[PDB]
Each structure stands twice: as structure tokens, then as C-alpha cells.
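Trainee: One structure follows; several queries about it will come next.
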Amino acid sequence: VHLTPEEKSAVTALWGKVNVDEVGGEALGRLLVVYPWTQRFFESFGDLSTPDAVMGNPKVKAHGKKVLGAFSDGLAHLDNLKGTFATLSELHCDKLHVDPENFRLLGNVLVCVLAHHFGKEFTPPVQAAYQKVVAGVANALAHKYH
Amino acid sequence: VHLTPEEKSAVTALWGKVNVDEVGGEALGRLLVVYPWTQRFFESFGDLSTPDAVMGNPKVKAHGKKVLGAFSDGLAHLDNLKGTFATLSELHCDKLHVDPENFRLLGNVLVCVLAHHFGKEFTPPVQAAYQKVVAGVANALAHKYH
Amino acid sequence: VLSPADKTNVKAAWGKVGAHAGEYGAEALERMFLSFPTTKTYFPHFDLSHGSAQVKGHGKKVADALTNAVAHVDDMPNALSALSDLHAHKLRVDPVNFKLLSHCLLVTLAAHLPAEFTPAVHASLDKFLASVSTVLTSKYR
Amino acid sequence: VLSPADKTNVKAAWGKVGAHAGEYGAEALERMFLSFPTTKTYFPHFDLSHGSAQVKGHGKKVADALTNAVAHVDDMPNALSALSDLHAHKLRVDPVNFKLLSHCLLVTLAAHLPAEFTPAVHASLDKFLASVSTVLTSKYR
Ligand code: HEM
Ligand code: HEM
Ligand code: HEM
Ligand code: HEM
Ligand SMILES: Cc1cc(C)cc(NC(=O)Cc2ccc(OC(C)(C)C(=O)O)cc2)c1
Ligand SMILES: Cc1cc(C)cc(NC(=O)Cc2ccc(OC(C)(C)C(=O)O)cc2)c1
Numbered sequence: 201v202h203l204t205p206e207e208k209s210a211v212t213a214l215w216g217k218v219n220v221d222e223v224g225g226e227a228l229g230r231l232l233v234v235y236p237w238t239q240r241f242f243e244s245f246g247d248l249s250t251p252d253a254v255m256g257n258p259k260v261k262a263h264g265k266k267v268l269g270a271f272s273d274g275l276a277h278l279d280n281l282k283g284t285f286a287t288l289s290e291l292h293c294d295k296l297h298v299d300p301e302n303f304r305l306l307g308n309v310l311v312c313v314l315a316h317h318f319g320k321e322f323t324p325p326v327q328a329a330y331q332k333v334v335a336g337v338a339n340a341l342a343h344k345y346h
Numbered sequence: 601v602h603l604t605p606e607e608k609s610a611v612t613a614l615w616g617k618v619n620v621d622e623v624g625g626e627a628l629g630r631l632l633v634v635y636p637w638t639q640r641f642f643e644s645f646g647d648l649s650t651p652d653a654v655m656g657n658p659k660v661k662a663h664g665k666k667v668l669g670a671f672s673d674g675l676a677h678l679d680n681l682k683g684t685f686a687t688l689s690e691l692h693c694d695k696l697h698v699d700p701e702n703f704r705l706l707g708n709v710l711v712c713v714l715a716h717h718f719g720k721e722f723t724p725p726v727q728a729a730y731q732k733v734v735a736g737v738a739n740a741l742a743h744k745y746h
Numbered sequence: 401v402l403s404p405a406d407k408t409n410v411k412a413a414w415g416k417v418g419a420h421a422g423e424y425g426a427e428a429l430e431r432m433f434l435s436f437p438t439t440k441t442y443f444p445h446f447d448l449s450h451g452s453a454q455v456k457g458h459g460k461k462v463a464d465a466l467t468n469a470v471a472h473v474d475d476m477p478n479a480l481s482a483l484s485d486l487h488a489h490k491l492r493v494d495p496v497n498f499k500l501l502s503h504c505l506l507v508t509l510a511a512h513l514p515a516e517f518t519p520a521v522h523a524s525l526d527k528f529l530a531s532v533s534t535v536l537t538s539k540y541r
Numbered sequence: 001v002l003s004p005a006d007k008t009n010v011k012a013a014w015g016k017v018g019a020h021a022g023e024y025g026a027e028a029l030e031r032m033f034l035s036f037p038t039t040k041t042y043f044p045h046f047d048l049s050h051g052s053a054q055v056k057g058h059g060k061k062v063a064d065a066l067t068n069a070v071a072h073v074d075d076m077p078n079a080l081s082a083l084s085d086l087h088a089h090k091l092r093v094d095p096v097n098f099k100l101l102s103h104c105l106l107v108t109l110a111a112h113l114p115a116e117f118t119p120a121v122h123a124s125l126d127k128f129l130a131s132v133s134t135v136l137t138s139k140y141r
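Protein chains in written order, with PDB author numbering: chain B, 201 to 346; chain D, 601 to 746; chain C, 401 to 541; chain A, 1 to 141.
Structure representation (C-alpha cells):
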């Protein structure tokens, strides 16, 4: 994606303060609570009956850290997101059958988590930088869908 | 945009049968009728209260012709839609203040008009090729927005 | 909100569809799968080939539901109650897809009803499909 | 449909917003203009620079309308009737933009309510904003 040097530094700087595992579980759990239809892929994770059950679910937490870990590695390749997520795109389309809209929803939920986590540090300009990144990753993951 | 040989042939062959004057007027008119809020950009066009008033309106027919005419030139540059529409893109942003979401609606309305006009000949594969073209043009026109 | 003119327009257009409803349902699905590839993610268990009896069978169910909705246009929430439960709690189709199918239904109707698909009927049908879509996603959360 | 739990969650969160409603509204608008540039096409008559009186004033109007919607959550179509007419007949803002402002309002609240923005409240606020958006676009056609 096209990020100005200042936008790239804002993203990087902020990310260095992120506990990837904590935020990954938090984002995925909120995705499942706020947009419950995304729970369709996780019926094997067990109890997702209530918000506390979703947030406290160890399998939701484990999938969150895996998803956010790949996201995190993607920030080191902001200039080649399509090439970085090509295989994951194919996997999500051909084997997992994940509607790409889910990636957009996760992206917005992630932006809300960063805002809740960082408060005033998550300024309007910093949010704008993250919106571009999250849209870029969602576009990269949907690129190989056919 | 990238289209397969069959898709490019489908688009080109069908377009050779399109009377830009006639189709442009239908497409713009139906846009103003089905999605009434788009009328906000045409206060100086006259009577737009009833479907019959919009469809028979001479300024709507003239503008529709201009729009599809520019759309036609883009079909001849399918491999470089962004460069082809750069000037009109800035124009639509800086001078006209047209929310790019309107380009999407027009494209869908155009597809309905081609289907209405060509019937059986506008097959599922042909529609698929046109949906790509119309999405590409809308994207090309929104490219210079800032 | 569907005005009395909208209801008349919808009843008139659907009446002309009549016995061809199922065939138009299947064509609409085919148009959607080809035009919007991501919608295929909800049917990994189907053969989506052109001519597929699975698609033809599903198109007929979709079309019958719409026929039911037209007949009960003044009472859609209850008429489609089981269907909204199904999509909200089992199928869990992301809401955006209903706009994709609605568009494809419109394109299918346009290609088959040249005389009845006037600008006014087009607007009424689009309003109708948006209402059906709204009822079908009303229990999502 | 906002459940009774949703209504309780919205009132509690909005109560905490309190006197800052106006400045949070202005912040949400600034976030929208930066994150989603296309929304500026609706404000070419405004000085959109940071802290302009026009943005601060509009932010206050938006927040007051939301406070009104919270106070009459059981009857929103009636409470927002005039606003629905205005957006439908004069402003004519494309429906997608309401989702963009809703997201930016949600991010603003998240950034300012660390204790109150729990997963359940986040869901309730998102549903509420979606409801307000539906009422405001209900008379579009
Ligand atoms: C930033 C977005 C995302 C990234 C970077 C991402 C990344 C990944 C990764 C790295 C895996 C592991 C694949 C493997 O083991 O080979 C995975 C698996 C999977 N993902 Fe995604 N993912 C994203 C979004 C989503 C969303 C939003 C959903 C659905 C709501 C989803 C559903 C799944 C499922 C069901 C699996 C299989 C898990 C398992 O078998 O244990 N993903 N994803
Ligand atoms: C997607 C295809 C589109 C193309 C290729 C396009 C093309 C054009 C062209 C060539 C002009 C004429 C400029 C001139 O002669 O100086 C123009 C003007 C205009 N367009 Fe677009 N346009 C498109 C869509 C839209 C849409 C969807 C809207 C809004 C609903 C819109 C609103 C306008 C307006 C307000 C003008 C000015 C008309 C006037 O001078 O009164 N355009 N466009
Ligand atoms: C106008 C909108 C729609 C109507 C009226 C409708 C109606 C129906 C009906 C009647 C069924 C069959 C239920 C039964 O077996 O009794 C069904 C199933 C289903 N629908 Fe929907 N639907 C609509 C839109 C969607 C959309 C947009 C998608 C996804 C892109 C979708 C995906 C499904 C799936 C996956 C099934 C199950 C098919 C099977 O396994 O047999 N539906 N729908
Ligand atoms: C939660 C959703 C929203 C609420 C509660 C809301 C509320 C309002 C209110 C209370 C006014 C002032 C009316 C008056 O002065 O009499 C207004 C004006 C306006 N709104 Fe909306 N609005 C919403 C969303 C939107 C969105 C998404 C946009 C566009 C991106 C928008 C664009 C406008 C414009 C251009 C004006 C005119 C401003 C002026 O010139 O003073 N609104 N809105
Ligand atoms: C920034 C941005 C941009 C866009 C297009 C959408 C959003 N997010 C949303 O639309 C979230 C959202 C809200 C409601 C949704 O559907 C249901 C059926 C619950 C509804 O409309 O009430 C589906 C999704 C955010
Ligand atoms: C192919 C395709 C893809 C997408 C995303 C949308 C569409 N089109 C639409 O959804 C049309 C549409 C319908 C209704 C709209 O808003 C109002 C307020 C009238 C409503 O929801 O009823 C706004 C737009 C078509």
C-alpha cells in the first residue's frame, strides 16, 4: 500500500507497543461477539454462548494469536502485501471458504481495539494510517479468490 | 483491469451493438429514478419528479450521452483505465464533489440496462465480464480523490 | 417502505414470472456465482457447473420464498420468520451478499421481461428486494 | 432490533459521554474526513481544517441528535422524523457514508471510554448506530 514515510513510522512505532497475543485474542473475540455470524467457522471451538464465554475461550485466544502473528509479520512487508499473503489467500478461498468480507470486519474491529488500548495516542492521523493498512491486508487476502 | 480473451471478446462484441446515445440516456435516467438521492447533482436539469419526467428530460438524455461516450473511450483502453480517466477523476472530485459511490450505482444500473435491452444475448458470462469492466471504471474514476 | 404503487408493480411483474420463477431463480444464482466469485464460499458442497441440478434445485427454493413474500407483502416478517432464523443462526451469510443476489435477480428479471421492466417497476422491485433482504437479516444480532 | 440489554448498555455508555458529546462528535467527524476522504465531497462549503468552528458546531449537532435518539430509544423513527426528512430530501447522502461515520464514532468512544467499552457494550453501540443509520435513510425512496 501507498503509505508516506510518516504514515509508515506511525504504524511501526505504535505496533512496537502491542502485545500481539493479547490484542490477537481480544480482536478475534470481539469479531465473534459484535458480528456473531463470523462464528460459523468456529463451531469446533466449543462454548461461544455468551460474550464472556467467547472472550475466555482458549481456542479463540489461540486462533487470535495465530491470525495477529501473520498480520504482524505482514507489517514488515507493507510494500508487497499481495506477494506476502498470496498463499494464505488461496488457502482461505480453496480450503477454508472464508468470505473476504470477514477480513474487512476483522480489520475494523482491530482498529477499535487499538483505539481502546491506546486512547489518545491513537490520533485521527494514526487511525488513518491503520485504516489504509487494514484495508490493504484485507485486499491482499482476497486477491486469489476465484 | 485484467480480462481473459473470452471476456474481452464478449465485452467488445456486445458494445459494437450499443447505441451510446440511447443507452446512455436510459442508464442515467434509471439511476435518477431508482436511486433518487443521486438527483442532488442535477438541480439545474429541470423536471425530475416523476419517472416519466426524468426519462423524457432532454438534459438527462444529453448528459447520459456524454457520460457513456466517455465510458466508451475507456473500453478502448481496458489495460490503462486509471491513466485514461485521471483528468475526469480530478474533475469529479475537485470541481463536482461527486461521491465515488455514485459511479458504482451507475455501473450496476448500466448492467441492468444492457440486460433489459439485449435479453438472452446478455448471458451470465457476458454479465460477469461487464461487472469487471464497470468496477474497473468506477475505481479508475475514484482514483484521484483526496 | 413499500407504497401501494410499489406493491402493484411487484405483484404485476412477479405474476408475469409465474411458472418460470424457479428457472429465473437458478439463472440469478448462476449470474451471482460468475459475477461475484466470493459468494461461492457459501456453497462448497455444491456442484456449481452450468446446468447443475443442485443450483436448479436451490434456485427453485429461493424463487418460491420470494413468491411467498409477494403473496404476504403486507406481512413479510412473519411469512419469512423461519427463513430469517435459518440465515441468522445456521447459514450465517454475511449481509453484503444479499445485495449481490438482489442485483442478479434484477438483471435476470430485466433480461426476461423486456416490456414489464419499466423504470418504475425497476425501482419498485429493487425496493422490494431490499425489504426482503432486511427481513432476512433482522435476527443476525 | 435493539434488545432491552442493548438499550441499557447504550444509556450507560452515553451517560458517561455526558458533556463531552459535542467534542466527541467533532472528533468523530475529523477521524472520518482523514480515514475516508470521499466523505469530504459532502462538505465543500466547510472549512475542514482542524478545530474549525464549522466542524465543532456540526459535531455538536450530530451528538445532540444522538443524545435525543438515546433518550427516545424506544421510538426512534418518531424522534428522528425531521432528520430523516432532511437527509432524504435535501442532503441526500449516499447510505454507505453512515457506516463510515458510525465506525468513526465507535473508534472515538473506544478512545475515550477505557472502562466502559467492553465487548458487550461495543456490540450494543454498534447495533444502536446501525439502527440510527437505518432510521435516517428510511425515507430515501
Ligand atoms: C488479518 C486477517 C487474517 C490473517 C492474517 C489470517 C491468517 C491465518 C493463518 C496464518 C492461519 C493458519 C493457516 C495454516 O495453518 O496454514 C489461518 C487459518 C484460518 N483462518 Fe485466517 N486469517 C485472517 C482472518 C480470518 C478471519 C476474519 C476468519 C474468519 C472469521 C478466518 C478463519 C480461519 C480459519 C477457520 C482457519 C483455520 C484454523 C484451524 O484450522 O485451526 N481467518 N488464518
Ligand atoms: C461512471 C461514468 C462516468 C463518466 C465516464 C463520467 C463522465 C463525465 C463527463 C465526460 C463529463 C462532462 C465534462 C465536460 O463536458 O466538461 C461529466 C460531467 C458531470 N458528471 Fe460525470 N461521469 C460518470 C458518472 C457520473 C455520476 C454517476 C454522476 C453523478 C450521479 C456524475 C455527475 C456529473 C456532473 C454533475 C457533471 C457536470 C454536468 C454539468 O456540467 O452540469 N458523473 N461526467
Ligand atoms: C432473496 C434472498 C434469499 C432468499 C429468499 C433465500 C432463501 C433460501 C431458502 C428458501 C433456502 C432453503 C432452506 C430450506 O432448505 O428450506 C436457503 C438456503 C440457503 N441459502 Fe439463502 N436465500 C437468500 C439469499 C442467500 C444468499 C445471498 C446466500 C449466500 C450468497 C444464501 C445462501 C444459502 C445457503 C448456503 C443455503 C443452504 C443451501 C443448501 O445447503 O441446501 N442465501 N435460502
Ligand atoms: C449518526 C448519523 C448522523 C446523524 C445523527 C446526523 C445528524 C445531522 C444533524 C443533526 C444535522 C444538522 C441539521 C440542521 O442544521 O438543521 C446534519 C446535517 C448534515 N449532515 Fe447529517 N447526520 C448523520 C450522518 C451524516 C453523514 C454520514 C454525512 C455525510 C458524510 C452527513 C452529512 C450532512 C450534511 C452535509 C449536513 C449539512 C451540514 C451543514 O451544512 O450545516 N450526515 N446531520
Ligand atoms: C468502515 C466501515 C465501512 C463499511 C462499508 C462497513 C462498516 N461496518 C459495518 O457495516 C458493520 C456492520 C453493521 C451491520 C451489519 O448488518 C446487520 C444485519 C447486523 C445490520 O445491518 O443491522 C453488517 C456490518 C465499516
Ligand atoms: C452489485 C451490488 C453490490 C453492492 C455492494 C450493492 C448493490 N446495490 C445496492 O445495494 C442498492 C441500494 C439499495 C438500497 C440503498 O439504501 C436504502 C436506504 C434505499 C435502503 O437500504 O433501502 C442503497 C443502495 C449492488
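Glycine included, each C-beta is placed from N, C-alpha and C at the ideal position.
Given a threshold of 16 other Cβ atoms within 10 Å of its Cβ, counted over all protein chains shown, does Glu207 (chain B) qualify as buried or as exposed?
Mentor: buried
Trainee: Hey, is the region 708–725 of chain D in contact with the region 620–627 of chain D, meaning 3+ C-beta pairs nearer than 8 Å?
Mentor: yes
Trainee: Beta carbons nearer than 8 Å to chain A: which residues of the region 710–733 of chain D have them?
Mentor: none
Trainee: When burial is assigned at 16 or more other CB atoms within 10 Å of the CB, is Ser84 (chain A) buried or exposed?
Mentor: buried
Trainee: Using beta-carbon positions only, say whether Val107 (chain A) and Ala315 (chain B) come within less than 7 Å of one another.
Mentor: In this structure, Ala315 (chain B) lies closer than 7 Å to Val107 (chain A) by Cβ.
Trainee: Under 8 Å Cβ to Cβ from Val737 (chain D), same chain only, skipping five residues before and after it: list those, please.
Mentor: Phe671, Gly674, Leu681, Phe685, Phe703, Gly707
Trainee: Locate the alpha helix (DSSP H) running through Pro205 (chain B), then write down its first and last residues.
Mentor: 205–215
Trainee: Compute the minimum distance between the beta carbon of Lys61 (chain A) and the heavy atoms of ligand 4, and state whether it is under 6 Å.
Mentor: yes
Trainee: In the structure shown, what three-state DSSP assignment does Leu248 (chain B) receive?
Mentor: coil
Trainee: In chain order, what residues of the region 94–111 of chain A put their CB closer than 9 Å to some CB of chain D?
Mentor: Within the region 94–111 of chain A, the residues whose Cβ lies closer than 9 Å to any Cβ of chain D are, in chain order, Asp94, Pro95, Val96, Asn97.
Trainee: For the region 726–744 of chain D and the region 424–436 of chain C, state whether three or more C-beta atom pairs, one from each stretch, are separated by less than 8 Å.
Mentor: Below 8 Å, enough C-beta pairs join the region 726–744 of chain D and the region 424–436 of chain C to call them touching: three or more.
Trainee: Which residues, taken in chain order from the region 650–667 of chain D, show a beta carbon closer than 8 Å to some beta carbon of chain C?
Mentor: Correct list: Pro651, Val654, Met655.
Trainee: What does the Cβ neighbour count give for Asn657 (chain D), buried or exposed, with the cut at 16 atoms within 10 Å?
Mentor: buried
Trainee: Exposed or buried, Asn468 (chain C), counting other C-beta atoms within 10 Å across all chains shown (16 or more means buried)?
Mentor: exposed
Trainee: Just the chain A side, please: which residues come within less than 7 Å of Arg240 (chain B) by C-beta, in chain order?
Mentor: Residues of chain A passing the Cβ test: none, with the nearest at roughly 17 Å.
Trainee: For ligand 6, is there a heavy atom less than 6 Å away from the beta-carbon of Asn739 (chain D)?
Mentor: Outside the cutoff, so no.
Trainee: Does any residue of chain B bring its CB to less than 7 Å from the CB of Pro4 (chain A)?
Mentor: no
Trainee: What is the rounded straight-line gap between the Cα of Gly451 (chain C) and the Cα of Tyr442 (chain C)?
Mentor: Approximately 19 Å, taken between the alpha carbons.
Trainee: Measuring only the C-alpha atoms, how far is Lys659 (chain D) from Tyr345 (chain B)?
Mentor: In this structure, the CA atom of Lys659 (chain D) is about 42 Å from the CA atom of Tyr345 (chain B).
Trainee: Considering only residues of the same chain and omitting the five flanking positions on each side of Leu268 (chain B), which have a CB-CB separation below 7 Å?
Mentor: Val220, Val223, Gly224, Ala227
Trainee: Against chain D, does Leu434 (chain C) count as a neighbour if the rule is that its beta carbon must be under 7 Å from one of theirs?
Mentor: yes
Trainee: Excluding the 5 residues preceding and the 5 following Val73 (chain A) in the sequence, name in chain order all residues of the same chain whose CB lies nearer than 6 Å to its CB.
Mentor: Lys7
Trainee: Apply the 10 Å Cβ neighbour rule to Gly422 (chain C) and answer buried if 16 or more other Cβ atoms are within range, or exposed otherwise.
Mentor: buried
Trainee: With H, G and I counted as helix, E and B as strand and the rest as coil, what does DSSP make of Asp126 (chain A)?
Mentor: helix
Trainee: Could you tell me whether any non-hydrogen atom of ligand 4 is closer than 6 Å to the CB of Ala65 (chain A)?
Mentor: yes
Trainee: Please list, in chain order, the chain C residues whose beta carbon lies closer than 7 Å to that of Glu301 (chain B).
Mentor: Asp494, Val496
Trainee: When we look at the beta-carbon of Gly59 (chain A) and count the other beta-carbons within 10 Å, is it buried (16 or more) or exposed?
Mentor: buried
Trainee: Is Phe433 (chain C) near ligand 2 - that is, is its Cβ less than 6 Å away from at least one heavy atom of it?
Mentor: no
Trainee: Where does the unbroken alpha helix (DSSP H) through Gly459 (chain C) begin, and where does it stop?
Mentor: 453–471
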